[PDB]
file entry26.pdb (PDB, N, CA and C atoms)
ATOM      1  N   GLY G   1      94.247  84.853 119.122  1.00  0.00           N
ATOM      2  CA  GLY G   1      95.660  85.047 118.570  1.00  0.00           C
ATOM      3  C   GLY G   1      96.274  83.971 117.739  1.00  0.00           C
ATOM      4  N   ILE G   2      95.497  83.345 116.897  1.00  0.00           N
ATOM      5  CA  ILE G   2      96.051  82.259 116.039  1.00  0.00           C
ATOM      6  C   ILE G   2      96.307  82.805 114.633  1.00  0.00           C
ATOM      7  N   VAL G   3      95.600  83.832 114.250  1.00  0.00           N
ATOM      8  CA  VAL G   3      95.798  84.411 112.891  1.00  0.00           C
ATOM      9  C   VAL G   3      96.568  85.726 112.998  1.00  0.00           C
ATOM     10  N   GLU G   4      96.720  86.239 114.192  1.00  0.00           N
ATOM     11  CA  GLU G   4      97.452  87.529 114.376  1.00  0.00           C
ATOM     12  C   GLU G   4      98.620  87.615 113.392  1.00  0.00           C
ATOM     13  N   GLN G   5      99.192  86.500 113.032  1.00  0.00           N
ATOM     14  CA  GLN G   5     100.335  86.531 112.076  1.00  0.00           C
ATOM     15  C   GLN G   5      99.889  86.030 110.697  1.00  0.00           C
ATOM     16  N   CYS G   6      99.401  84.823 110.620  1.00  0.00           N
ATOM     17  CA  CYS G   6      98.964  84.280 109.302  1.00  0.00           C
ATOM     18  C   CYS G   6      97.992  85.255 108.636  1.00  0.00           C
ATOM     19  N   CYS G   7      97.324  86.065 109.408  1.00  0.00           N
ATOM     20  CA  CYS G   7      96.363  87.035 108.811  1.00  0.00           C
ATOM     21  C   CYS G   7      97.066  88.352 108.467  1.00  0.00           C
ATOM     22  N   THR G   8      98.302  88.512 108.856  1.00  0.00           N
ATOM     23  CA  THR G   8      99.011  89.787 108.541  1.00  0.00           C
ATOM     24  C   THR G   8     100.226  89.503 107.655  1.00  0.00           C
ATOM     25  N   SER G   9     101.010  88.518 107.997  1.00  0.00           N
ATOM     26  CA  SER G   9     102.206  88.203 107.168  1.00  0.00           C
ATOM     27  C   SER G   9     101.984  86.874 106.432  1.00  0.00           C
ATOM     28  N   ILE G  10     102.652  85.824 106.836  1.00  0.00           N
ATOM     29  CA  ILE G  10     102.463  84.517 106.147  1.00  0.00           C
ATOM     30  C   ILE G  10     102.593  83.384 107.167  1.00  0.00           C
ATOM     31  N   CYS G  11     102.393  82.164 106.747  1.00  0.00           N
ATOM     32  CA  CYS G  11     102.505  81.025 107.700  1.00  0.00           C
ATOM     33  C   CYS G  11     102.775  79.730 106.930  1.00  0.00           C
ATOM     34  N   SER G  12     103.522  78.832 107.511  1.00  0.00           N
ATOM     35  CA  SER G  12     103.813  77.546 106.821  1.00  0.00           C
ATOM     36  C   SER G  12     102.612  76.611 106.975  1.00  0.00           C
ATOM     37  N   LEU G  13     102.268  75.894 105.945  1.00  0.00           N
ATOM     38  CA  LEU G  13     101.102  74.970 106.031  1.00  0.00           C
ATOM     39  C   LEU G  13     101.302  74.004 107.192  1.00  0.00           C
ATOM     40  N   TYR G  14     102.458  73.427 107.278  1.00  0.00           N
ATOM     41  CA  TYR G  14     102.717  72.466 108.392  1.00  0.00           C
ATOM     42  C   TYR G  14     102.529  73.186 109.724  1.00  0.00           C
ATOM     43  N   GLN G  15     102.716  74.472 109.740  1.00  0.00           N
ATOM     44  CA  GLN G  15     102.527  75.233 110.996  1.00  0.00           C
ATOM     45  C   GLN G  15     101.026  75.366 111.261  1.00  0.00           C
ATOM     46  N   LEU G  16     100.242  75.330 110.221  1.00  0.00           N
ATOM     47  CA  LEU G  16      98.770  75.438 110.386  1.00  0.00           C
ATOM     48  C   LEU G  16      98.264  74.200 111.119  1.00  0.00           C
ATOM     49  N   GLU G  17      98.939  73.097 110.963  1.00  0.00           N
ATOM     50  CA  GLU G  17      98.505  71.857 111.662  1.00  0.00           C
ATOM     51  C   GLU G  17      98.378  72.158 113.163  1.00  0.00           C
ATOM     52  N   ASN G  18      99.034  73.186 113.622  1.00  0.00           N
ATOM     53  CA  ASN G  18      98.968  73.533 115.072  1.00  0.00           C
ATOM     54  C   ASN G  18      97.531  73.884 115.462  1.00  0.00           C
ATOM     55  N   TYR G  19      96.704  74.187 114.503  1.00  0.00           N
ATOM     56  CA  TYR G  19      95.296  74.546 114.821  1.00  0.00           C
ATOM     57  C   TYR G  19      94.371  73.382 114.461  1.00  0.00           C
ATOM     58  N   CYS G  20      94.695  72.194 114.900  1.00  0.00           N
ATOM     59  CA  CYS G  20      93.834  71.023 114.586  1.00  0.00           C
ATOM     60  C   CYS G  20      93.491  70.272 115.874  1.00  0.00           C
ATOM     61  N   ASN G  21      94.373  70.292 116.830  1.00  0.00           N
ATOM     62  CA  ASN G  21      94.104  69.582 118.110  1.00  0.00           C
ATOM     63  C   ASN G  21      94.148  70.581 119.268  1.00  0.00           C
TER      64      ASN G  21
ATOM     65  N   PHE X   1      99.241  75.118  99.338  1.00  0.00           N
ATOM     66  CA  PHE X   1      99.463  76.275 100.251  1.00  0.00           C
ATOM     67  C   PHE X   1     100.710  77.041  99.809  1.00  0.00           C
ATOM     68  N   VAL X   2     100.655  78.346  99.826  1.00  0.00           N
ATOM     69  CA  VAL X   2     101.837  79.148  99.408  1.00  0.00           C
ATOM     70  C   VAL X   2     102.129  80.215 100.466  1.00  0.00           C
ATOM     71  N   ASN X   3     103.076  81.074 100.208  1.00  0.00           N
ATOM     72  CA  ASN X   3     103.406  82.136 101.199  1.00  0.00           C
ATOM     73  C   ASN X   3     102.612  83.402 100.873  1.00  0.00           C
ATOM     74  N   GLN X   4     101.460  83.563 101.467  1.00  0.00           N
ATOM     75  CA  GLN X   4     100.641  84.770 101.192  1.00  0.00           C
ATOM     76  C   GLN X   4      99.760  85.068 102.405  1.00  0.00           C
ATOM     77  N   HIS X   5      98.979  86.106 102.334  1.00  0.00           N
ATOM     78  CA  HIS X   5      98.092  86.456 103.480  1.00  0.00           C
ATOM     79  C   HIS X   5      96.739  85.760 103.307  1.00  0.00           C
ATOM     80  N   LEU X   6      96.162  85.289 104.378  1.00  0.00           N
ATOM     81  CA  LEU X   6      94.850  84.600 104.273  1.00  0.00           C
ATOM     82  C   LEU X   6      94.052  84.798 105.564  1.00  0.00           C
ATOM     83  N   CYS X   7      92.749  84.806 105.471  1.00  0.00           N
ATOM     84  CA  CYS X   7      91.909  84.993 106.689  1.00  0.00           C
ATOM     85  C   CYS X   7      90.523  84.386 106.456  1.00  0.00           C
ATOM     86  N   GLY X   8      89.710  84.350 107.476  1.00  0.00           N
ATOM     87  CA  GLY X   8      88.331  83.795 107.330  1.00  0.00           C
ATOM     88  C   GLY X   8      88.368  82.372 106.759  1.00  0.00           C
ATOM     89  N   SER X   9      87.511  82.100 105.810  1.00  0.00           N
ATOM     90  CA  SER X   9      87.456  80.740 105.203  1.00  0.00           C
ATOM     91  C   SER X   9      88.823  80.364 104.640  1.00  0.00           C
ATOM     92  N   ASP X  10      89.695  81.312 104.476  1.00  0.00           N
ATOM     93  CA  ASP X  10      91.036  80.976 103.930  1.00  0.00           C
ATOM     94  C   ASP X  10      91.878  80.352 105.036  1.00  0.00           C
ATOM     95  N   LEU X  11      91.676  80.768 106.249  1.00  0.00           N
ATOM     96  CA  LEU X  11      92.452  80.172 107.367  1.00  0.00           C
ATOM     97  C   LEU X  11      92.063  78.709 107.477  1.00  0.00           C
ATOM     98  N   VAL X  12      90.853  78.391 107.122  1.00  0.00           N
ATOM     99  CA  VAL X  12      90.429  76.970 107.180  1.00  0.00           C
ATOM    100  C   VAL X  12      90.800  76.301 105.867  1.00  0.00           C
ATOM    101  N   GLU X  13      90.545  76.936 104.748  1.00  0.00           N
ATOM    102  CA  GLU X  13      90.925  76.303 103.457  1.00  0.00           C
ATOM    103  C   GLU X  13      92.332  75.742 103.627  1.00  0.00           C
ATOM    104  N   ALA X  14      93.128  76.460 104.360  1.00  0.00           N
ATOM    105  CA  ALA X  14      94.518  76.026 104.646  1.00  0.00           C
ATOM    106  C   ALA X  14      94.487  74.834 105.600  1.00  0.00           C
ATOM    107  N   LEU X  15      93.733  74.940 106.648  1.00  0.00           N
ATOM    108  CA  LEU X  15      93.642  73.819 107.624  1.00  0.00           C
ATOM    109  C   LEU X  15      92.738  72.732 107.046  1.00  0.00           C
ATOM    110  N   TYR X  16      91.506  73.082 106.832  1.00  0.00           N
ATOM    111  CA  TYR X  16      90.491  72.148 106.263  1.00  0.00           C
ATOM    112  C   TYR X  16      91.147  71.038 105.423  1.00  0.00           C
ATOM    113  N   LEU X  17      92.128  71.349 104.614  1.00  0.00           N
ATOM    114  CA  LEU X  17      92.735  70.259 103.785  1.00  0.00           C
ATOM    115  C   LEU X  17      94.019  69.715 104.427  1.00  0.00           C
ATOM    116  N   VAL X  18      94.668  70.456 105.286  1.00  0.00           N
ATOM    117  CA  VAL X  18      95.911  69.902 105.910  1.00  0.00           C
ATOM    118  C   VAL X  18      95.531  68.939 107.032  1.00  0.00           C
ATOM    119  N   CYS X  19      94.575  69.307 107.826  1.00  0.00           N
ATOM    120  CA  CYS X  19      94.141  68.423 108.943  1.00  0.00           C
ATOM    121  C   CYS X  19      92.795  67.785 108.594  1.00  0.00           C
ATOM    122  N   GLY X  20      92.521  67.614 107.329  1.00  0.00           N
ATOM    123  CA  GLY X  20      91.225  67.002 106.923  1.00  0.00           C
ATOM    124  C   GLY X  20      90.990  65.717 107.719  1.00  0.00           C
ATOM    125  N   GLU X  21      89.763  65.450 108.078  1.00  0.00           N
ATOM    126  CA  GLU X  21      89.464  64.213 108.852  1.00  0.00           C
ATOM    127  C   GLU X  21      90.349  64.161 110.098  1.00  0.00           C
ATOM    128  N   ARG X  22      90.890  65.277 110.500  1.00  0.00           N
ATOM    129  CA  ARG X  22      91.760  65.289 111.708  1.00  0.00           C
ATOM    130  C   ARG X  22      91.099  66.136 112.798  1.00  0.00           C
ATOM    131  N   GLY X  23      89.815  66.343 112.701  1.00  0.00           N
ATOM    132  CA  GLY X  23      89.113  67.157 113.731  1.00  0.00           C
ATOM    133  C   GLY X  23      89.737  68.552 113.798  1.00  0.00           C
ATOM    134  N   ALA X  24      89.081  69.536 113.247  1.00  0.00           N
ATOM    135  CA  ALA X  24      89.639  70.916 113.281  1.00  0.00           C
ATOM    136  C   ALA X  24      88.692  71.830 114.063  1.00  0.00           C
ATOM    137  N   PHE X  25      87.806  72.512 113.381  1.00  0.00           N
ATOM    138  CA  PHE X  25      86.848  73.422 114.077  1.00  0.00           C
ATOM    139  C   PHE X  25      87.553  74.137 115.232  1.00  0.00           C
ATOM    140  N   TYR X  26      88.376  75.103 114.930  1.00  0.00           N
ATOM    141  CA  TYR X  26      89.093  75.834 116.011  1.00  0.00           C
ATOM    142  C   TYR X  26      88.472  77.221 116.194  1.00  0.00           C
ATOM    143  N   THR X  27      87.661  77.646 115.264  1.00  0.00           N
ATOM    144  CA  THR X  27      87.029  78.990 115.387  1.00  0.00           C
ATOM    145  C   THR X  27      85.634  78.959 114.757  1.00  0.00           C
ATOM    146  N   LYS X  28      84.730  79.755 115.259  1.00  0.00           N
ATOM    147  CA  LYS X  28      83.353  79.775 114.689  1.00  0.00           C
ATOM    148  C   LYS X  28      82.858  81.221 114.606  1.00  0.00           C
ATOM    149  N   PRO X  29      83.128  81.850 113.490  1.00  0.00           N
ATOM    150  CA  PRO X  29      82.725  83.245 113.246  1.00  0.00           C
ATOM    151  C   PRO X  29      81.238  83.317 112.883  1.00  0.00           C
ATOM    152  N   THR X  30      80.379  82.929 113.784  1.00  0.00           N
ATOM    153  CA  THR X  30      78.919  82.976 113.491  1.00  0.00           C
ATOM    154  C   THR X  30      78.265  84.078 114.327  1.00  0.00           C
TER     155      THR X  30
END

call {"tool": "encode", "arguments": {"input": "entry26.pdb", "output": "structure tokens"}}
result
Amino acid sequence: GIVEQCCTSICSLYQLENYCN
Amino acid sequence: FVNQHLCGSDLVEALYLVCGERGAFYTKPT
């Protein structure tokens, strides 16, 4: 469930940092 | 990075450069 949204609508780049650690 | 839909290598293209050298590898579609 990490792309459930970025893969359907949109996402902030800084929010993508959430998938690094 | 802009406001659009992205998936697969695009989800990383987004991360790959934002957290570069920051240890990413969060998914492995192999």

call {"tool": "residues_around", "arguments": {"input": "entry26.pdb", "residues": "range 15-18 of chain X", "least_positions_apart": "3", "cutoff": "8 Å", "atoms": "only N, CA and C atoms", "output": "NGL selection string"}}
result
(:G and (13-14 or 16-17 or 19-20)) or (:X and (9-12 or 21-22 or 24-25))

call {"tool": "interface_residues", "arguments": {"input": "entry26.pdb", "of": "chain X", "to": "chain G", "cutoff": "5 Å", "atoms": "all atoms listed in the file", "output": "PDB file with N, CA and C atoms, in the coordinates of the input"}}
result
ATOM      1  N   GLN X   4     101.460  83.563 101.467  1.00  0.00           N
ATOM      2  CA  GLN X   4     100.641  84.770 101.192  1.00  0.00           C
ATOM      3  C   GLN X   4      99.760  85.068 102.405  1.00  0.00           C
ATOM      4  N   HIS X   5      98.979  86.106 102.334  1.00  0.00           N
ATOM      5  CA  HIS X   5      98.092  86.456 103.480  1.00  0.00           C
ATOM      6  C   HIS X   5      96.739  85.760 103.307  1.00  0.00           C
ATOM      7  N   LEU X   6      96.162  85.289 104.378  1.00  0.00           N
ATOM      8  CA  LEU X   6      94.850  84.600 104.273  1.00  0.00           C
ATOM      9  C   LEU X   6      94.052  84.798 105.564  1.00  0.00           C
ATOM     10  N   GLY X  23      89.815  66.343 112.701  1.00  0.00           N
ATOM     11  CA  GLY X  23      89.113  67.157 113.731  1.00  0.00           C
ATOM     12  C   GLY X  23      89.737  68.552 113.798  1.00  0.00           C
ATOM     13  N   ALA X  24      89.081  69.536 113.247  1.00  0.00           N
ATOM     14  CA  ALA X  24      89.639  70.916 113.281  1.00  0.00           C
ATOM     15  C   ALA X  24      88.692  71.830 114.063  1.00  0.00           C
TER      16      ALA X  24
END

call {"tool": "axis_aligned_box", "arguments": {"input": "entry26.pdb", "around": "range 10-21 of chain G", "padding_each_side": "4 Å", "output": "JSON"}}
result
{"center_x": 98.7, "center_y": 77.7, "center_z": 112.6, "size_x": 18.3, "size_y": 24.2, "size_z": 21.3}

call {"tool": "atom_distance", "arguments": {"input": "entry26.pdb", "atom1": "atom N of residue 29 in chain X", "atom2": "atom N of residue 7 in chain X"}}
result
12.9 Å

call {"tool": "atom_distance", "arguments": {"input": "entry26.pdb", "atom1": "CA of residue 1 in chain X", "atom2": "atom C of residue 27 in chain X"}}
result
20.2 Å

call {"tool": "select_by_dssp", "arguments": {"input": "entry26.pdb", "residues": "chain X", "states": "helix (DSSP H, G or I)", "output": "list in words"}}
result
residues 9, 10, 11, 12, 13, 14, 15, 16, 17 and 18 of chain X

call {"tool": "atom_distance", "arguments": {"input": "entry26.pdb", "atom1": "atom C of residue 28 in chain X", "atom2": "atom N of residue 14 in chain X"}}
result
15.3 Å
